[PDB]
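Chemist: Got a structure for you, run.txt, holding compact mmCIF, N, CA and C atoms.
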# COMPACT_ATOMS: atom_id res chain seq x y z
N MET A 1 103.56 54.63 -165.61
CA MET A 1 105.00 54.57 -165.38
C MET A 1 105.62 53.40 -166.14
N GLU A 2 106.70 53.71 -166.86
CA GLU A 2 107.40 52.69 -167.63
C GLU A 2 108.82 52.52 -167.11
N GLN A 3 109.17 51.27 -166.84
CA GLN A 3 110.50 50.95 -166.34
C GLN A 3 111.27 50.11 -167.37
N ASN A 4 112.48 49.73 -166.98
CA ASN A 4 113.32 48.93 -167.85
C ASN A 4 114.32 48.14 -167.00
N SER A 5 114.37 46.84 -167.24
CA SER A 5 115.27 45.98 -166.51
C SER A 5 116.51 45.68 -167.36
N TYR A 6 117.59 45.34 -166.67
CA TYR A 6 118.84 45.03 -167.34
C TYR A 6 119.72 44.11 -166.48
N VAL A 7 120.87 43.77 -167.03
CA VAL A 7 121.81 42.90 -166.33
C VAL A 7 123.20 43.54 -166.35
N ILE A 8 123.86 43.47 -165.20
CA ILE A 8 125.19 44.04 -165.07
C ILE A 8 126.21 43.04 -165.63
N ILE A 9 127.08 43.56 -166.49
CA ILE A 9 128.11 42.73 -167.10
C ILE A 9 129.48 43.35 -166.83
N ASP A 10 129.46 44.49 -166.15
CA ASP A 10 130.69 45.19 -165.82
C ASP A 10 131.16 44.77 -164.43
N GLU A 11 132.39 44.28 -164.37
CA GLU A 11 132.96 43.84 -163.11
C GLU A 11 133.21 45.03 -162.19
N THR A 12 133.01 46.22 -162.75
CA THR A 12 133.21 47.45 -162.00
C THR A 12 131.91 47.84 -161.28
N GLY A 13 130.83 47.21 -161.70
CA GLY A 13 129.53 47.49 -161.11
C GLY A 13 129.20 48.98 -161.19
N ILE A 14 128.11 49.27 -161.88
CA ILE A 14 127.67 50.65 -162.04
C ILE A 14 128.26 51.50 -160.92
N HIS A 15 129.18 52.38 -161.30
CA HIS A 15 129.82 53.26 -160.34
C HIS A 15 129.33 54.69 -160.54
N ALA A 16 130.04 55.62 -159.92
CA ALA A 16 129.69 57.02 -160.02
C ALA A 16 129.91 57.50 -161.46
N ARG A 17 130.85 56.84 -162.13
CA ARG A 17 131.17 57.19 -163.50
C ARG A 17 129.92 57.10 -164.38
N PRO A 18 129.39 55.86 -164.51
CA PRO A 18 128.20 55.63 -165.31
C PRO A 18 126.95 56.13 -164.58
N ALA A 19 126.82 55.70 -163.33
CA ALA A 19 125.68 56.09 -162.52
C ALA A 19 125.38 57.57 -162.75
N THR A 20 126.43 58.31 -163.07
CA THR A 20 126.29 59.74 -163.32
C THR A 20 125.51 59.98 -164.61
N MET A 21 126.04 59.44 -165.69
CA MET A 21 125.40 59.59 -166.99
C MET A 21 123.95 59.09 -166.95
N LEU A 22 123.78 57.89 -166.42
CA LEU A 22 122.46 57.30 -166.32
C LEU A 22 121.55 58.23 -165.52
N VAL A 23 122.04 58.63 -164.35
CA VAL A 23 121.28 59.52 -163.48
C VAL A 23 121.04 60.85 -164.20
N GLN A 24 122.09 61.33 -164.85
CA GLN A 24 122.01 62.58 -165.58
C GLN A 24 120.98 62.47 -166.71
N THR A 25 121.28 61.61 -167.66
CA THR A 25 120.40 61.40 -168.80
C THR A 25 118.99 61.04 -168.32
N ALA A 26 118.93 60.55 -167.09
CA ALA A 26 117.66 60.17 -166.50
C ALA A 26 116.82 61.42 -166.24
N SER A 27 117.30 62.23 -165.31
CA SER A 27 116.61 63.46 -164.95
C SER A 27 116.75 64.48 -166.08
N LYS A 28 117.95 64.53 -166.65
CA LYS A 28 118.22 65.45 -167.74
C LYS A 28 116.96 65.63 -168.59
N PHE A 29 116.21 64.54 -168.71
CA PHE A 29 114.98 64.56 -169.48
C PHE A 29 113.89 65.35 -168.76
N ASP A 30 113.25 64.68 -167.82
CA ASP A 30 112.18 65.31 -167.05
C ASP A 30 111.46 64.24 -166.23
N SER A 31 110.89 63.28 -166.94
CA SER A 31 110.16 62.20 -166.29
C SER A 31 110.85 61.81 -164.98
N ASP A 32 110.08 61.20 -164.10
CA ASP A 32 110.61 60.78 -162.81
C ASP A 32 111.09 59.33 -162.91
N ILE A 33 112.32 59.18 -163.37
CA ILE A 33 112.91 57.86 -163.52
C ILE A 33 113.47 57.40 -162.17
N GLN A 34 113.36 56.10 -161.94
CA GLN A 34 113.85 55.52 -160.70
C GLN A 34 114.69 54.27 -160.99
N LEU A 35 115.69 54.07 -160.15
CA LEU A 35 116.58 52.93 -160.30
C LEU A 35 116.08 51.78 -159.41
N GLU A 36 116.32 50.57 -159.87
CA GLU A 36 115.91 49.39 -159.13
C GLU A 36 116.94 48.27 -159.29
N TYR A 37 117.08 47.48 -158.24
CA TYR A 37 118.03 46.37 -158.25
C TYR A 37 117.59 45.27 -157.29
N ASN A 38 117.18 44.15 -157.87
CA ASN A 38 116.73 43.02 -157.07
C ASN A 38 115.71 43.49 -156.04
N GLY A 39 114.69 44.19 -156.54
CA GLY A 39 113.64 44.70 -155.68
C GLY A 39 114.13 45.91 -154.89
N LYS A 40 115.35 46.33 -155.19
CA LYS A 40 115.94 47.47 -154.52
C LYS A 40 115.81 48.71 -155.41
N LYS A 41 114.71 49.42 -155.24
CA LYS A 41 114.46 50.62 -156.02
C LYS A 41 115.07 51.83 -155.30
N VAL A 42 115.49 52.80 -156.10
CA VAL A 42 116.08 54.01 -155.55
C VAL A 42 115.81 55.18 -156.50
N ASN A 43 116.49 56.28 -156.23
CA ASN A 43 116.33 57.47 -157.04
C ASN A 43 117.39 57.48 -158.14
N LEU A 44 116.92 57.42 -159.38
CA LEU A 44 117.81 57.42 -160.53
C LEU A 44 118.29 58.85 -160.79
N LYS A 45 118.22 59.66 -159.75
CA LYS A 45 118.65 61.05 -159.86
C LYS A 45 119.74 61.33 -158.83
N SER A 46 120.14 60.27 -158.14
CA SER A 46 121.17 60.38 -157.12
C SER A 46 122.20 59.26 -157.29
N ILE A 47 123.46 59.62 -157.11
CA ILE A 47 124.54 58.66 -157.24
C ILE A 47 124.64 57.84 -155.95
N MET A 48 124.75 58.55 -154.84
CA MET A 48 124.85 57.90 -153.55
C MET A 48 123.97 56.65 -153.49
N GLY A 49 122.87 56.71 -154.21
CA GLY A 49 121.94 55.60 -154.25
C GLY A 49 122.36 54.57 -155.30
N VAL A 50 122.57 55.06 -156.51
CA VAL A 50 122.98 54.19 -157.61
C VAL A 50 124.31 53.52 -157.25
N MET A 51 125.11 54.23 -156.48
CA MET A 51 126.41 53.72 -156.07
C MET A 51 126.25 52.68 -154.96
N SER A 52 125.47 53.04 -153.96
CA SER A 52 125.23 52.15 -152.83
C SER A 52 124.25 51.04 -153.24
N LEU A 53 123.94 51.01 -154.53
CA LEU A 53 123.03 50.02 -155.06
C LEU A 53 123.79 48.73 -155.35
N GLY A 54 125.06 48.72 -154.95
CA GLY A 54 125.90 47.56 -155.16
C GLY A 54 125.60 46.90 -156.50
N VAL A 55 125.51 47.73 -157.53
CA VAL A 55 125.22 47.23 -158.87
C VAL A 55 126.36 46.33 -159.33
N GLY A 56 126.54 45.24 -158.60
CA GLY A 56 127.59 44.28 -158.92
C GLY A 56 127.33 43.61 -160.27
N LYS A 57 128.35 42.94 -160.77
CA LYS A 57 128.25 42.25 -162.04
C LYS A 57 127.33 41.03 -161.89
N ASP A 58 126.83 40.56 -163.02
CA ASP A 58 125.94 39.41 -163.02
C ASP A 58 124.66 39.75 -162.26
N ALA A 59 124.57 41.01 -161.86
CA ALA A 59 123.41 41.48 -161.12
C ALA A 59 122.44 42.17 -162.09
N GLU A 60 121.16 41.88 -161.89
CA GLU A 60 120.13 42.46 -162.73
C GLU A 60 119.53 43.70 -162.07
N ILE A 61 119.64 44.82 -162.77
CA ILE A 61 119.12 46.08 -162.27
C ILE A 61 117.91 46.50 -163.10
N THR A 62 117.27 47.57 -162.66
CA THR A 62 116.10 48.09 -163.35
C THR A 62 115.97 49.60 -163.13
N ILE A 63 115.24 50.23 -164.03
CA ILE A 63 115.03 51.67 -163.95
C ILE A 63 113.58 51.99 -164.34
N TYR A 64 112.97 52.84 -163.53
CA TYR A 64 111.59 53.24 -163.78
C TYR A 64 111.52 54.68 -164.31
N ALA A 65 110.39 55.00 -164.91
CA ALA A 65 110.18 56.32 -165.47
C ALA A 65 108.68 56.63 -165.52
N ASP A 66 108.32 57.75 -164.92
CA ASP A 66 106.92 58.16 -164.89
C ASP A 66 106.83 59.66 -165.21
N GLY A 67 106.68 59.94 -166.49
CA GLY A 67 106.57 61.32 -166.94
C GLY A 67 106.13 61.39 -168.41
N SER A 68 106.59 62.42 -169.09
CA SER A 68 106.25 62.61 -170.49
C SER A 68 107.37 62.06 -171.38
N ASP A 69 108.54 61.90 -170.78
CA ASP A 69 109.69 61.38 -171.50
C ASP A 69 110.07 60.01 -170.93
N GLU A 70 109.31 59.59 -169.93
CA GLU A 70 109.56 58.31 -169.30
C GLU A 70 110.16 57.32 -170.30
N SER A 71 109.35 56.95 -171.28
CA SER A 71 109.78 56.02 -172.31
C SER A 71 111.08 56.52 -172.95
N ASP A 72 111.10 57.81 -173.24
CA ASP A 72 112.26 58.43 -173.85
C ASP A 72 113.45 58.33 -172.89
N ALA A 73 113.14 58.46 -171.61
CA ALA A 73 114.17 58.39 -170.58
C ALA A 73 114.69 56.95 -170.48
N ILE A 74 113.78 56.01 -170.70
CA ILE A 74 114.13 54.60 -170.64
C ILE A 74 115.02 54.25 -171.83
N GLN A 75 114.72 54.89 -172.96
CA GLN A 75 115.48 54.65 -174.17
C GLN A 75 116.89 55.24 -174.04
N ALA A 76 116.98 56.29 -173.23
CA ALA A 76 118.26 56.96 -173.01
C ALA A 76 119.09 56.13 -172.04
N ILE A 77 118.42 55.61 -171.02
CA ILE A 77 119.09 54.80 -170.01
C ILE A 77 119.79 53.62 -170.69
N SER A 78 118.97 52.70 -171.18
CA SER A 78 119.50 51.52 -171.85
C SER A 78 120.67 51.91 -172.75
N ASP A 79 120.57 53.11 -173.31
CA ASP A 79 121.61 53.61 -174.19
C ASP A 79 122.87 53.91 -173.37
N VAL A 80 122.66 54.61 -172.27
CA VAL A 80 123.77 54.96 -171.39
C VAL A 80 124.36 53.69 -170.79
N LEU A 81 123.48 52.76 -170.46
CA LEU A 81 123.91 51.50 -169.88
C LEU A 81 124.78 50.74 -170.89
N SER A 82 124.25 50.60 -172.10
CA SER A 82 124.96 49.91 -173.15
C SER A 82 126.10 50.78 -173.67
N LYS A 83 125.90 52.09 -173.59
CA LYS A 83 126.90 53.04 -174.04
C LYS A 83 128.21 52.77 -173.31
N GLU A 84 128.09 52.52 -172.02
CA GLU A 84 129.26 52.25 -171.19
C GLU A 84 129.68 50.78 -171.33
N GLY A 85 128.69 49.91 -171.28
CA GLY A 85 128.94 48.48 -171.39
C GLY A 85 128.76 47.78 -170.05
N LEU A 86 127.97 48.40 -169.19
CA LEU A 86 127.70 47.85 -167.87
C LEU A 86 126.70 46.70 -168.00
N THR A 87 126.05 46.65 -169.15
CA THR A 87 125.07 45.61 -169.40
C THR A 87 125.26 45.03 -170.81
N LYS A 88 124.61 43.89 -171.04
CA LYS A 88 124.71 43.23 -172.33
C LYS A 88 126.13 43.36 -172.86
Any chance you could put this one into structure tokens?

Modeler:
Amino acid sequence: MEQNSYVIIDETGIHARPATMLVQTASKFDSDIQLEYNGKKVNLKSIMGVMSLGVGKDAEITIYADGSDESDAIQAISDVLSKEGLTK
């Protein structure tokens, strides 16, 4: 299983807007990607979780992936994350 950590830079804190794309692009692949935040792991396939993940700004989040696209899913995430600008 391959994961990926990041830092929130969006004062909006990963919301349903992005959480959607991330979650989407996450499962959209196949691998079993999971969201994490300050030891708070969840399902990167559900918003209710990514949303209730209080992905506040200045907060460091993470995402896991265990499949055949895991790495590919991780590459998509960071992309979606940076794509929106919730991180870096």

Chemist: DSSP on the backbone, strand (DSSP E or B) only: what residues of region 53-82 of chain A does that give? Format it as an MDAnalysis selection string.

Modeler: chainID A and resid 60:66

Chemist: Here is a test: counting all atoms listed in the file, which residue of A:66, A:60, A:32, A:72 is nearest to residue 45 (chain A)?

Modeler: A:32

Chemist: Tell me which of A:27, A:38, A:82, A:75 sits closest to residue 56 (chain A), counting only C-alpha atoms.

Modeler: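 Among A:27, A:38, A:82, A:75, it is A:38 that comes nearest to residue 56 (chain A).
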
Chemist: Can you list, as a list in words, every protein, DNA or RNA residue that comes within 5 Å of region 9-21 of chain A when you count all atoms listed in the file, leaving out same-chain residues fewer than 3 positions away?

Modeler: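 After dropping sequence-adjacent residues, the list is residues 24, 25, 55, 56, 57, 58, 86 and 87 of chain A.
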
Chemist: Any chance you can output those residues with N, CA and C atoms as a PDB file, in the frame of the given file?

Modeler:
ATOM      1  N   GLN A  24     122.090  61.330-164.850  1.00  0.00           N
ATOM      2  CA  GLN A  24     122.010  62.580-165.580  1.00  0.00           C
ATOM      3  C   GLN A  24     120.980  62.470-166.710  1.00  0.00           C
ATOM      4  N   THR A  25     121.280  61.610-167.660  1.00  0.00           N
ATOM      5  CA  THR A  25     120.400  61.400-168.800  1.00  0.00           C
ATOM      6  C   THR A  25     118.990  61.040-168.320  1.00  0.00           C
ATOM      7  N   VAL A  55     125.510  47.730-157.530  1.00  0.00           N
ATOM      8  CA  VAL A  55     125.220  47.230-158.870  1.00  0.00           C
ATOM      9  C   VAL A  55     126.360  46.330-159.330  1.00  0.00           C
ATOM     10  N   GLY A  56     126.540  45.240-158.600  1.00  0.00           N
ATOM     11  CA  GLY A  56     127.590  44.280-158.920  1.00  0.00           C
ATOM     12  C   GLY A  56     127.330  43.610-160.270  1.00  0.00           C
ATOM     13  N   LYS A  57     128.350  42.940-160.770  1.00  0.00           N
ATOM     14  CA  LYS A  57     128.250  42.250-162.040  1.00  0.00           C
ATOM     15  C   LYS A  57     127.330  41.030-161.890  1.00  0.00           C
ATOM     16  N   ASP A  58     126.830  40.560-163.020  1.00  0.00           N
ATOM     17  CA  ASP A  58     125.940  39.410-163.020  1.00  0.00           C
ATOM     18  C   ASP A  58     124.660  39.750-162.260  1.00  0.00           C
ATOM     19  N   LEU A  86     127.970  48.400-169.190  1.00  0.00           N
ATOM     20  CA  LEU A  86     127.700  47.850-167.870  1.00  0.00           C
ATOM     21  C   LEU A  86     126.700  46.700-168.000  1.00  0.00           C
ATOM     22  N   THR A  87     126.050  46.650-169.150  1.00  0.00           N
ATOM     23  CA  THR A  87     125.070  45.610-169.400  1.00  0.00           C
ATOM     24  C   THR A  87     125.260  45.030-170.810  1.00  0.00           C
TER      25      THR A  87
END

Chemist: Dump as a PyMOL selection string all residues having an atom at most 7 Å from (114.8, 59.5, -158.9), computed in the file's coordinates with only N, CA and C atoms.

Modeler: chain A and resi 32-35+42-46

Chemist: Nearest to residue 78 (chain A): which of A:22, A:47, A:65, A:53 is it, counting all atoms listed in the file?

Modeler: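 Using all atoms listed in the file, residue 78 (chain A) sits closest to A:22.
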
Chemist: So the first atom is CA of residue 31 (chain A) and the second is atom N of residue 59 (chain A); what is the distance between them in Å, to one decimal place?

Modeler: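 That distance, rounded to one decimal, is 26.0 Å.
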
Chemist: In terms of the shortest atom-to-atom distance over only C-alpha atoms, which of A:8, A:61, A:26, A:51 is closest to residue 84 (chain A)?

Modeler: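 Comparing A:8, A:61, A:26, A:51 against residue 84 (chain A), the winner is A:8.
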